[PDB]
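**Student:** what shape does this take:
(chains A and B, ligands or ions: 1)
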Amino acid sequence: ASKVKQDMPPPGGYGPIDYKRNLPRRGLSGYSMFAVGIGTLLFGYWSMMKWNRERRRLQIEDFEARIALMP
Amino acid sequence: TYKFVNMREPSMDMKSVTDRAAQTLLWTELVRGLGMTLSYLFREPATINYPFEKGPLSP
Ligand SMILES: CCCCCCCC/C=C\CCCCCCCC(=O)O[C@H](COC(=O)CCCCCCC/C=C/CCCCCCCC)COP(=O)(O)OCCN
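**Tutor:** Numbers count the residues shown, from 1 in each chain, chains lettered A, B, ... in the order given. Next up is the structure itself:
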């Protein structure tokens, strides 16, 4: 009547099983990374140049007010 | 059949040397590891709520 029934793989077997190492490269050349670093450094230098010159002018103004008040 | 695990030879052209120098000076692989840990924080934990939940058993 009944037939044999035990744990077996399904007909045709199972699907493929990945085992190879997969460490993909995100990707950015050393030249590009160094260029981005240098570019942001240059932008910061320019911004600080303008701001510190403005600060010098403000300090000179404050010094002038003090000089006017001294006598 | 046998495999080699550590038998690679780094390229000595200017671009590859510059890439390795950028890795040394800008910590690219350290940021990559930080990135995996960050990604891994944003997924569901595997913890079950014992004793209100129980681990699977069998007959
Ligand atoms: C045109 C003029 C421009 C002016 C000059 C500017 C040029 C700048 C170009 C180079 C600057 C890069 C320097 C930055 C730091 C470099 C230091 C460094 O590279 O040290 C590493 C080592 O550095 C480390 O590995 C330390 C890591 C410790 C673990 C901490 C992980 C931190 C990484 C996550 C991100 C951290 C964020 C930092 C910024 C936070 C901001 C508040 C080298 O050591 P080794 O690879 O072992 O080999 C040396 C022997 N040959």
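**Student:** and the residue of chain B found nearest chain A, how far from the ligand?
**Tutor:** As assessed by CB to the nearest CB, chain A sits closest to residue B:22 within chain B, at 3.3 Å. All C-beta spots, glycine's among them, are computed from the backbone N, C-alpha and C. Look at residue B:22 and the ligand: by CB to the nearest ligand atom, to the nearest Å, they are 9 Å apart.
**Student:** so that residue, which of the three states?
**Tutor:** Under the three-state scheme (DSSP: H, G, I helix; E, B strand; the rest coil), residue B:22 adopts helix.
**Student:** check contacts around the nearest residue to it once chain neighbours are set aside.
**Tutor:** Distance criterion CB to CB, 6 or more residues apart in numbering or on different chains; nearest residue to residue B:22, sequence neighbours excluded, is residue A:30 at 3.3 Å. By CB atoms under 8 Å, 6 or more residues apart in numbering or on different chains, the residues touching residue A:30 are B:15, B:18, B:19, B:20, B:21, B:22, B:23.
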